[PDB]
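A.B. asks: Structure in structure tokens, see below.
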Number of protein chains: 8
Amino acid sequence: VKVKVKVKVXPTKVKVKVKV
Amino acid sequence: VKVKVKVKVXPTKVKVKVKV
Amino acid sequence: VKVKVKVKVXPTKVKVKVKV
Amino acid sequence: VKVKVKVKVXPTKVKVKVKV
Amino acid sequence: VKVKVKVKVXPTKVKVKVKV
Amino acid sequence: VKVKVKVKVXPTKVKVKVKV
Amino acid sequence: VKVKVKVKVXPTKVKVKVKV
Amino acid sequence: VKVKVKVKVXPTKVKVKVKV
């Protein structure tokens, strides 16, 4: 099970991911 | 100009903040 | 701009705070 | 469980990796 | 640029400060 | 629980590792 | 240019200071 | 506790441990 949170707005680039 | 995200991702717990 | 990202990774507590 | 958190905001890159 | 990354991991608490 | 932390601000780059 | 790391384990408080 | 730090910062590189 792989779970991804991302938002990227030009200057602000956030990506979070979790494997289970 | 900002970014906000609060989220619970499977078993993690995540919050994001950009304050102009 | 002032930036915060924080995550609880089971017991682990990570705080990231940036001034760009 | 493995968590990978990746962020870039102004002239900063921060990467955190935490294996539970 | 001022970066603070701050982390607690079992009995261990760690402050990392980068100032450029 | 094992932790890797990496911050890069232009040329300034620090990698930090925390194992209990 | 400064980078500063400070670790705390119960009765143990150590710091490392690194500059250009 | 095994704490590593390695930093590449202007025209220098500084490594260090803390073993608690």
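Ordering of the structure tokens sets the chain letters (A, B, ...), residue numbers begin anew at 1 in every chain, and ligands are numbered from 1 in the order given.
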Extract the full set of strand (DSSP E or B) residues from chain E according to DSSP on the backbone, and format it as a PDB file with C-alpha atoms, in the first residue's frame.
C.D. replies:
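Final file, selection.pdb:
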```pdb
ATOM      1  CA  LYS E   2      17.577  30.560   8.113  1.00  0.00           C
ATOM      2  CA  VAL E   3      16.666  26.825   8.267  1.00  0.00           C
ATOM      3  CA  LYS E   4      15.779  24.984  11.415  1.00  0.00           C
ATOM      4  CA  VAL E   5      15.175  21.189  11.137  1.00  0.00           C
ATOM      5  CA  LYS E   6      14.217  19.659  14.443  1.00  0.00           C
ATOM      6  CA  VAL E   7      13.795  16.039  15.316  1.00  0.00           C
ATOM      7  CA  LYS E   8      13.050  13.700  18.294  1.00  0.00           C
ATOM      8  CA  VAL E   9      13.864  10.047  17.847  1.00  0.00           C
ATOM      9  CA  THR E  12      17.263  11.590  21.443  1.00  0.00           C
ATOM     10  CA  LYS E  13      16.352  15.076  20.704  1.00  0.00           C
ATOM     11  CA  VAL E  14      18.217  16.941  17.951  1.00  0.00           C
ATOM     12  CA  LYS E  15      18.262  20.628  16.879  1.00  0.00           C
ATOM     13  CA  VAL E  16      19.943  21.337  13.432  1.00  0.00           C
ATOM     14  CA  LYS E  17      20.323  25.127  12.503  1.00  0.00           C
ATOM     15  CA  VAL E  18      21.653  26.354   9.104  1.00  0.00           C
ATOM     16  CA  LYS E  19      22.178  30.120   8.652  1.00  0.00           C
TER      17      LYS E  19
END
```
A.B. asks: Hand me chain H as it sits after a least-squares fit onto chain B over every Cα, paired in order, written as a CSV table (one decimal) with N, CA, C and O atoms, in the first residue's frame.
C.D. replies:
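Listing of result00.csv after writing:
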```csv
chain,number,residue,atom,x,y,z
H,1,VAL,N,0.5,35.8,0.5
H,1,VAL,CA,-0.1,34.4,0.1
H,1,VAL,C,-0.1,33.4,1.3
H,1,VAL,O,0.8,33.2,2.1
H,2,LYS,N,-1.3,32.8,1.6
H,2,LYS,CA,-1.5,31.9,2.7
H,2,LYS,C,-1.8,30.5,2.1
H,2,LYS,O,-2.9,30.3,1.5
H,3,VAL,N,-0.8,29.5,2.2
H,3,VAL,CA,-0.9,28.2,1.7
H,3,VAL,C,-1.0,27.2,2.8
H,3,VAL,O,0.0,27.0,3.5
H,4,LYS,N,-2.1,26.5,2.9
H,4,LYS,CA,-2.2,25.5,4.0
H,4,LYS,C,-2.2,24.1,3.4
H,4,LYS,O,-2.6,24.0,2.3
H,5,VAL,N,-1.7,23.1,4.1
H,5,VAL,CA,-1.8,21.7,3.7
H,5,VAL,C,-2.0,20.9,4.9
H,5,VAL,O,-1.3,21.1,5.9
H,6,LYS,N,-3.0,19.9,4.9
H,6,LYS,CA,-3.1,19.0,6.0
H,6,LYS,C,-3.5,17.7,5.4
H,6,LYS,O,-4.4,17.6,4.6
H,7,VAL,N,-2.8,16.7,5.8
H,7,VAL,CA,-2.8,15.4,5.2
H,7,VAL,C,-2.9,14.3,6.4
H,7,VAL,O,-2.1,14.3,7.3
H,8,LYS,N,-3.8,13.4,6.2
H,8,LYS,CA,-4.0,12.2,7.1
H,8,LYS,C,-3.8,11.0,6.2
H,8,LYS,O,-4.6,10.7,5.2
H,9,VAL,N,-2.8,10.3,6.4
H,9,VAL,CA,-2.2,9.4,5.5
H,9,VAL,C,-1.6,8.2,6.2
H,9,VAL,O,-0.9,8.5,7.1
H,10,UNK,N,-1.8,7.0,5.8
H,10,UNK,CA,-1.6,5.8,6.7
H,10,UNK,C,-1.8,5.9,8.1
H,10,UNK,O,-2.9,6.4,8.5
H,11,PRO,N,-0.9,5.6,9.0
H,11,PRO,CA,-0.9,5.9,10.4
H,11,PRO,C,-0.1,7.1,10.7
H,11,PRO,O,0.8,7.0,11.5
H,12,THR,N,-0.4,8.2,10.1
H,12,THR,CA,0.2,9.5,10.4
H,12,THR,C,-0.6,10.7,9.9
H,12,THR,O,-1.6,10.6,9.2
H,13,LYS,N,-0.3,11.8,10.6
H,13,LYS,CA,-0.9,13.2,10.1
H,13,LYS,C,0.1,14.3,10.2
H,13,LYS,O,1.0,14.5,11.2
H,14,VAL,N,0.2,15.1,9.2
H,14,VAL,CA,1.3,16.0,8.9
H,14,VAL,C,0.5,17.2,8.5
H,14,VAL,O,-0.2,17.1,7.4
H,15,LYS,N,0.8,18.3,9.2
H,15,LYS,CA,0.3,19.6,8.8
H,15,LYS,C,1.4,20.5,8.4
H,15,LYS,O,2.5,20.2,9.0
H,16,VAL,N,1.2,21.5,7.6
H,16,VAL,CA,2.2,22.5,7.2
H,16,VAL,C,1.6,23.7,6.7
H,16,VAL,O,0.4,23.8,6.2
H,17,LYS,N,2.3,24.9,6.7
H,17,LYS,CA,2.0,26.1,6.0
H,17,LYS,C,3.2,26.6,5.1
H,17,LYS,O,4.4,26.3,5.4
H,18,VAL,N,2.8,27.4,4.1
H,18,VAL,CA,3.7,28.3,3.4
H,18,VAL,C,3.1,29.6,3.5
H,18,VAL,O,1.9,29.8,3.2
H,19,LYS,N,3.8,30.6,4.1
H,19,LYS,CA,3.3,32.0,4.1
H,19,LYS,C,4.3,32.8,3.3
H,19,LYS,O,5.5,33.0,3.6
H,20,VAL,N,3.9,33.3,2.1
H,20,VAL,CA,4.7,34.1,1.3
H,20,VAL,C,4.3,35.5,1.3
H,20,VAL,O,3.2,35.8,1.1
```
